Each structure stands twice: as C-alpha cells, then as structure tokens.
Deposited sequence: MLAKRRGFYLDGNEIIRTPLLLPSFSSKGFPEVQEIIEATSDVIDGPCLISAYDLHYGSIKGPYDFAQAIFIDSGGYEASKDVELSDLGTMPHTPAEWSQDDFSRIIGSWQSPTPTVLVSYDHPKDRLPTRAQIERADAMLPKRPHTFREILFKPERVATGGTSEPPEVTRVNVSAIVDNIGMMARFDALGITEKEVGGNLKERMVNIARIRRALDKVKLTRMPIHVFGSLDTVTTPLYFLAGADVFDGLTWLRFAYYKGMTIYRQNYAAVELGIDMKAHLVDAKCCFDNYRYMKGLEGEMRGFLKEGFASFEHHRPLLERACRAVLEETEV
C-alpha cells in the first residue's frame, strides 16, 4: 500500500513519526510572526517548521523548545516572490539569501530537541536534479540530533517571459526516480506541492512514482515531505498517494471546519459566536486549527488500521481518487 507509517530514524528507533502535519511559521505575509509563535506555543506540543531566512533576519526569536521537533526550512520560500497554492494575496520583496547566510544559520543551530535541516534553494540558484543531490549532501551537515532532508526544485531558472516552460515550473520526476538510489544519503525527500504537478491528479501520480521508486531501493520507511500542502482535502489525498510530511501556512490564513478549509470570518460566525471579542478571534482560529491538524493527523494514522472509516470527511472522494490514481 502507498500509505505507511514512516519517519526519521536514529539507530533504528523512530524519532519523528509520520504521517505528520507540520504547522509552519514564516515572515512572508505575516509581519507579526513572532507574536504568533509566542501565542501558539502554549498549544503546540508536536513538531513545527521555521525558516532559516527568518532566523537570519530576526523575524523570529524563539524560544523554540516548546515543540517536539523543529524543521529548519532553508529559506527558499521567503527568498521567493513565488507562492504556494494556498496563498490568497501578497503585497513580498525578498532580501538577499546567499548560501553562506544559510550555512551560518544551520551551522550554529543548537537545540535540545530533534532538528530536521532542509537543503538550500533559491529561485535564481537552480541545478540539474542529480547536482541538487550532490549539493544537499555537501551543505547539510551530518551532525548529532540533526536529520537531513533534500527539497527537490526545478532545474531551470525563470526566463522572465510571458510564459514559463515546465523546466521552470515543475521538478523532473523522471530524474528523481533515476537517481532514487542516492536518497539513502538523506533522511527525507522533499517536493513542493505546486511544482510536483499541475493539478491534483498529476500531483498524486508523481508522488506515487517517487514512493514506488523509494520502496524499490529499500527505502520503504523514508518520508516524503510535500511543502505547502496543509489543508483538509489535498493533504489526506497526498498521504494516500505515498507522502508522509505536510506543512503550510494555511492554518494561519484559513479555518479548518467540518472537512473544509474556509474563510475565517465565516468560521467565527458559525462556530465561535457573533459576539466573540475581536482581539481573540485570530488566536482562537490558530489554536483550533492546530488541534484540527492533530485530529486530521490521527485520521491518517488510523487509516492504516481502520481503513477509510478513519476519515471523518470526504470519504467517497478519498476512495475514488485512491482507486483512479493507483
């Protein structure tokens, strides 16, 4: 089956468990991100994701010991005007994010909790797929309490024209499968949602291609991290296709409600009450969204034992898509 319990292992013992829904923090679109970290730290018990870009520019200052583990994202999101599928508006000027700035942050990072380091990526610094594997094995340090995860990116820099070719908008899944044996050097494989396919079906098929390739080279427990996917529909579908780790900023813009990712003011009207104090609505939405993420995470962990009955929503759709793409 494409869905399986996987994770990050140290000496054969499971340190981080998948399927994992990762709450993400970023300064891009959220200038008060530090205030969000401080408030949500009182409810976040599991792992979360931050950015080395924000660590370098001081957008976030911790403390990060509230989480079970920390995913240090390289900074390619904040260094990019490009956005994910869940972005609904942005007014973002990226600053300079060189390889040296990224290496100094991850080199000096020290934490009592497990840490996952993501490979460096920049919209102007792209390489062929095999060369991306070589960069991540050289830049990501092999250190104690630190896992290594390579986020594959497209092989071509943007042209700047009216349209962009697939070498700019999509990763080379065929090249990832060809060099899939080189994935043993790392702890996890990464691909962004927007760049692993054009629509939902193509993203599920290409995730399944990468999963089947990993299972052939005896990496049956290696997690697949889909960057940017964190909603009530596409995230369970990618898990059924073979993916394992899911992060995003969707929990900070929307509200999860009855299997739907909805507009927050409607969530406050239909659930929180029309007289709820306005200075408490955004934090209450963030708190409820994290608890919803863990409930949805448990439904995905229950699918391996109870089947499709574990999912409380969209059960006919999840089963139909699972049949069609497998």
Given the full deposited sequence, which segments carry no C-alpha coordinates? 92, 328-332
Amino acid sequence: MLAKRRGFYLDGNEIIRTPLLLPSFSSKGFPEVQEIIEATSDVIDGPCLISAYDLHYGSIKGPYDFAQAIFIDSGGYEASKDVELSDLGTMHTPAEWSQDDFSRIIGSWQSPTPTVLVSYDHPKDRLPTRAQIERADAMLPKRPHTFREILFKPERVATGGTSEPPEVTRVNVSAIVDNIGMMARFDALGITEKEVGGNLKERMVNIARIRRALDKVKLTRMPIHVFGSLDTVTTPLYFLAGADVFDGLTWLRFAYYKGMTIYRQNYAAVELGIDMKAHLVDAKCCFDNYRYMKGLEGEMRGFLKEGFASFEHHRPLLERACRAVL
From here on, numbers count along this sequence of modelled residues.
Out of 248-256 and 124-132, which stretch has the higher average CA B-factor listed in the record? 124-132
Residue range whose averaged C-alpha B-factor is higher in the record, 58-66 or 285-293: 58-66
Residue selected from 73, 187, 96, 231 by maximal Cα B factor: 96
How does the C-alpha B factor of residue 179 compare with the rest of the chain: lowest, middle or highest third? highest
Where does the C-alpha B-factor of residue 239 rank in its chain, lowest, middle or highest third? lowest
Sorting the chain's modelled residues by C-alpha B-factor, tell me whether residue 25 ends up in the lowest, middle or highest third. lowest
Taking the values exactly as deposited, rank residue 192 by C-alpha B-factor within its chain and report the matching third: lowest, middle or highest. lowest
Would you please rank residue 225 by its C-alpha temperature factor against the other modelled residues of its chain and give the third it falls in: lowest, middle or highest? lowest
